[PDB]
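Report on one structure; see the data block that follows.
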Amino acid sequence: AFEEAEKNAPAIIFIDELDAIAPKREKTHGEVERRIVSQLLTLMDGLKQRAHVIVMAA
Amino acid sequence: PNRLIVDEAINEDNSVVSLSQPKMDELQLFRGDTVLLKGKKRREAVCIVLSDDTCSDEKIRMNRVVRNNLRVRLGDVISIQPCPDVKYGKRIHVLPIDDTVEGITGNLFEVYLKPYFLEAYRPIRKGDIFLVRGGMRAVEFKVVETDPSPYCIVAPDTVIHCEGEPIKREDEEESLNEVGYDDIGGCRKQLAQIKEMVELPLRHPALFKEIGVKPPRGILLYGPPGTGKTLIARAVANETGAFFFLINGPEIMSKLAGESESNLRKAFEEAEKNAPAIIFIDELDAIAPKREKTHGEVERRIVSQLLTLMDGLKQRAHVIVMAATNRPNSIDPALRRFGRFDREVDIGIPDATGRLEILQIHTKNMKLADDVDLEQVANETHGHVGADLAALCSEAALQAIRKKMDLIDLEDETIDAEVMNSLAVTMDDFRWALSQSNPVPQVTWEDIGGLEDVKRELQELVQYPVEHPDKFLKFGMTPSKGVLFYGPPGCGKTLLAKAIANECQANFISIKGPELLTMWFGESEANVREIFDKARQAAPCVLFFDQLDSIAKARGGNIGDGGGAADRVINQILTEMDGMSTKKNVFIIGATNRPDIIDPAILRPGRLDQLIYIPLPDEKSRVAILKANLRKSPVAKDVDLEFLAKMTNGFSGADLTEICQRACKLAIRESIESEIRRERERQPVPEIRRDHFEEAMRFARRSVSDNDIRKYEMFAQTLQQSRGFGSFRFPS
Amino acid sequence: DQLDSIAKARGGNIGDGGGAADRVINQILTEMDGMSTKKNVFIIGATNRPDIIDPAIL
Ligand SMILES: Nc1ncnc2c1ncn2[C@@H]1O[C@H](COP(=O)(O)OP(=O)(O)O)[C@@H](O)[C@H]1O
Ligand SMILES: Nc1ncnc2c1ncn2[C@@H]1O[C@H](COP(=O)(O)OP(=O)(O)O)[C@@H](O)[C@H]1O
């Protein structure tokens, strides 16, 4: 998803029901959930707005 | 002598540098010699040294291209040393920057490189960035390969070729964007502490080795988010020559278990290779949370392997680790055991001057209006964090955009450049952002009327010693911290305490007597200890004890059920005041309606030595009280305060305040009825009249009887006789 | 400091925390002199009213 967003610019990312994929890591009881949350944070940080992609989370 | 201040160039090109002739003699440098220049972030450059008569001794004249080469700015410190045995180049490869050649289709060699290197013998180094004028636009190049390496001389027979894939713009932009610790502001005390803890062990391992002490294994930084902990770490790393390696916690946890172990092992090995090195682990609590509060063995083994590697630091390779965390407690205590992250550093909210510096640094890239002032913005932003300040600046910029939406045409595909450059962020945008963005007693002495002797006593007692600590040290007498006020109720004793605390600009804590009594066995003394500890934490502070007669009584004279509890409370108060004797700044003030039952141990010098009697205000004090009461009231001139004061000789100040409030309320009612009657007659009262004054006076009554005054004056007389001695005179 | 607060003549009143004040004195008595080897512990008390102190303490 993020690769396709950065490849075609400008691009818009909508994450519907963000609380489902990324709840508080302390609340989570699973390693996979923590990995998904960490990956989401990493992809937030990796974007540097050169392609000016915008992400909304509802 | 090698260290020199960076200075602007006059006629220096990209291949020459200038030094003063006496400094050349000191450094044994000849004109035309090639030298090796070292800058921040392990940046190196080579140029030809020349003599300038107008150059300062401690400064070196340096142009913008070489400044970008060494990642240093005007005023920075660089080191210059001779660079011997620089051979003629055999084959050099240079590649252009993408943004410098967009639309440039001509032969780069003939247009730019050949005239630039023609018969000049320019010294070059791998990775050097040099700008060459020519064609229709100046073009920057990067030296990617040299023979010999890394130093060579571009000779007439040196082969210069530029074919290949051009260097990506983004890779070059990242290095140029990063600069030293001038980015951070208001943390130079913390910056100095971090420098002392980090860079000195890295630079001088032998200095620690000879004594026998071990350099710190790890450093931990904590504070509220947005304080630039990663920013200050990277910045302090940039100034030092030590290599900075960054570790991202979400990056580590995004990796699958075991793979992250290999990644961090390789990171530590690479840091050991590139000694001196700095390891920064952003969000350490993320990778290594509290071991007990885990639902998986994966993070447990992460913490265990991290402990093994922390014990595995060489400390002879002069490499240390630092980490930044939002909450230090979230980090497992094993990481914080002695010998691992032993030195612990706190980063707080930036100060007002530091916040002003943060605004100035943030707004440097901003086009800023003349009217807007950053100082007042800093004053208003008392508690906003640097990240919140950046958000404030961005919000102000967006508000400027909103203001300029009408001038621009949002529907147009291309915006006007004239409006874009004429755009600026004014004070109105900052004020709008401040409104949108989110993060001492009030009584002044003019409020109080009279008691000028009690006034000067209070200033001399409380305000004076802090004003002249040197005078007290010369005299050698510690200031007293105890004042007792006894008088009829409603005479402004609390007002006096608030006034003195306001004048000295210190925290004010007021506690009531019966509030602390409670009914449990040890609760009362616990409350007393708690309020005294709170006064300790808020030092300097003024502690006010209202109704001291309730909380302190004669210990012997109580045979009731609660006599023991009262005695224990008095003993706790005495011990707490003995503890307060250590702290000069904390001040204790006690107010009682009747001082006859006060424990004599309380009245002992060193606890409440200064006894001040507050009597019923006289005529002039009463006039002042009435004037202060109506300072906020538009009172008519026909009303005479002199008669209103002289009539009630025995009324207390509380009665005067009640009368003034009542008269103001009756003026309110008169204005209400006048305005309503005007509205009714359509389908006044600027100031209070005397009539409402007299018809309000009748409801007032004498608060304090004559017997209370008799008792207070008798107690004061008992103290006056205690002073005695007349006028004490030494013999002869 | 202020030894008179914790040490009293015992049996002063029934409202002293349901006999807790009396019970604290008895615990102090055993600690200062009981069936345990006496270490090099020196006890100093600064009282202002000594007449109310328990005679067993003195
Ligand atoms: N000393 C400072 N000077 C200027 N800006 C700062 C400073 N400290 C923090 N900031 C701002 O904070 C932002 C980064 O926050 P930071 O504290 O580095 O993240 P974290 O709190 O997650 O470690 C930057 O955009 C920067 O503008
Ligand atoms: N010197 C004074 N100047 C102005 N107001 C006073 C003065 N003395 C008393 N008052 C009024 O009396 C009211 C109650 O005073 P208070 O603080 O209760 O005195 P006390 O410390 O004797 O209890 C206050 O609202 C205040 O307005």
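Think of each number as a place in line: the chain as shown, counted from 1.
This entry, so its header tells us, was determined using electron microscopy, 3.0 Å.
Even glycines carry a Cβ here, placed using N, Cα and C.
What Swiss-Prot annotates here:
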BINDING   B:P225, B:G226, B:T227, B:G228, B:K229, B:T230, B:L231, B:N326, B:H362  ATP 1 binding site
BINDING   B:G490, B:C491, B:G492, B:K493, B:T494, B:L495  ATP 2 binding site
MOD_RES   B:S15  phosphoserine
MOD_RES   B:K293  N6,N6,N6-trimethyllysine
MOD_RES   B:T414  phosphothreonine
MOD_RES   B:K471  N6-acetyllysine
MOD_RES   B:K474  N6-acetyllysine
MOD_RES   B:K637  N6-succinyllysine
MOD_RES   B:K637  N6-acetyllysine
MOD_RES   B:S671  phosphoserine
MOD_RES   B:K711  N6-acetyllysine
MOD_RES   B:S727  phosphoserine
MOD_RES   B:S732  phosphoserine
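Features per Swiss-Prot, on structure.
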| residue | record | Cβ neighbours (10 Å) |
| --- | --- | --- |
| B:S15 | phosphoserine | 23 |
| B:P225 | ATP 1 binding site | 11 |
| B:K229 | ATP 1 binding site | 26 |
| B:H362 | ATP 1 binding site | 18 |
| B:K474 | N6-acetyllysine | 9 |
| B:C491 | ATP 2 binding site | 23 |
| B:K493 | ATP 2 binding site | 25 |
| B:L495 | ATP 2 binding site | 18 |
| B:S671 | phosphoserine | 15 |
| B:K711 | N6-acetyllysine | 14 |
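In sequence order, B:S510, B:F544, B:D546, B:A591 are the residues near B:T494 (ATP 2 binding site), counting only same-chain partners six or more apart with C-beta under 8 A. For the pair B:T414 (phosphothreonine) and B:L495 (ATP 2 binding site), the Cα-Cα distance reads 66 Å. Rounded to a whole value, the Cα-Cα separation of B:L495 (ATP 2 binding site) and B:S732 (phosphoserine) is 47 Å. Using the Cβ center of B:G490, B:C491, B:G492, B:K493, B:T494, B:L495 for ATP 2, the list of other same-chain residues with Cβ within 8 Å runs, in sequence order, B:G487, B:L496, B:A591, B:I614, B:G653, B:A654. Closest in space to B:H362 (ATP 1 binding site), of the recorded positions given as B:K471, B:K493, B:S671, B:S727, is B:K471, taking the CA atom of each residue.
Figure note: comparing Cβ neighbours within 10 Å for the recorded positions B:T227, B:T414, B:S727, B:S732, the maximum is reached by B:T227. Put plainly, the modified residues B:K293, B:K637 were compared by Cβ crowding within 10 Å, and the winner is B:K293. Classification of B:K474 (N6-acetyllysine) by DSSP places it within a helix. Spatially, by CA atoms, the recorded positions B:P225, B:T227, B:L231, B:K471, B:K637 include one closest to B:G492 (ATP 2 binding site), and that is B:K637. In this structure, the C-alpha atom of B:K229 (ATP 1 binding site) lies 48 angstrom from that of B:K493 (ATP 2 binding site). When the C-alpha distances from B:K474 (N6-acetyllysine) to the binding-site residues B:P225, B:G490, B:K493 are tabulated, the minimum falls on B:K493. In this structure, B:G490, B:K493, B:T494 are the recorded positions from B:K474, B:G490, B:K493, B:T494 whose C-beta falls under 6 Å of some atom of ligand 2. Cα of B:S15 (phosphoserine) to Cα of B:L231 (ATP 1 binding site): a span of 33 Å. Cα separation, B:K493 (ATP 2 binding site) to B:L231 (ATP 1 binding site), rounded: 52 Å. Cβ neighbour count for B:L231 (ATP 1 binding site): 17 (other Cβ atoms within 10 Å of its Cβ, all protein chains included). Taking a C-beta cut-off of under 8 angstroms and a sequence separation of 6 or more, B:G490 (ATP 2 binding site) has the following same-chain neighbours: B:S652, B:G653, B:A654, B:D655, B:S703, B:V704.
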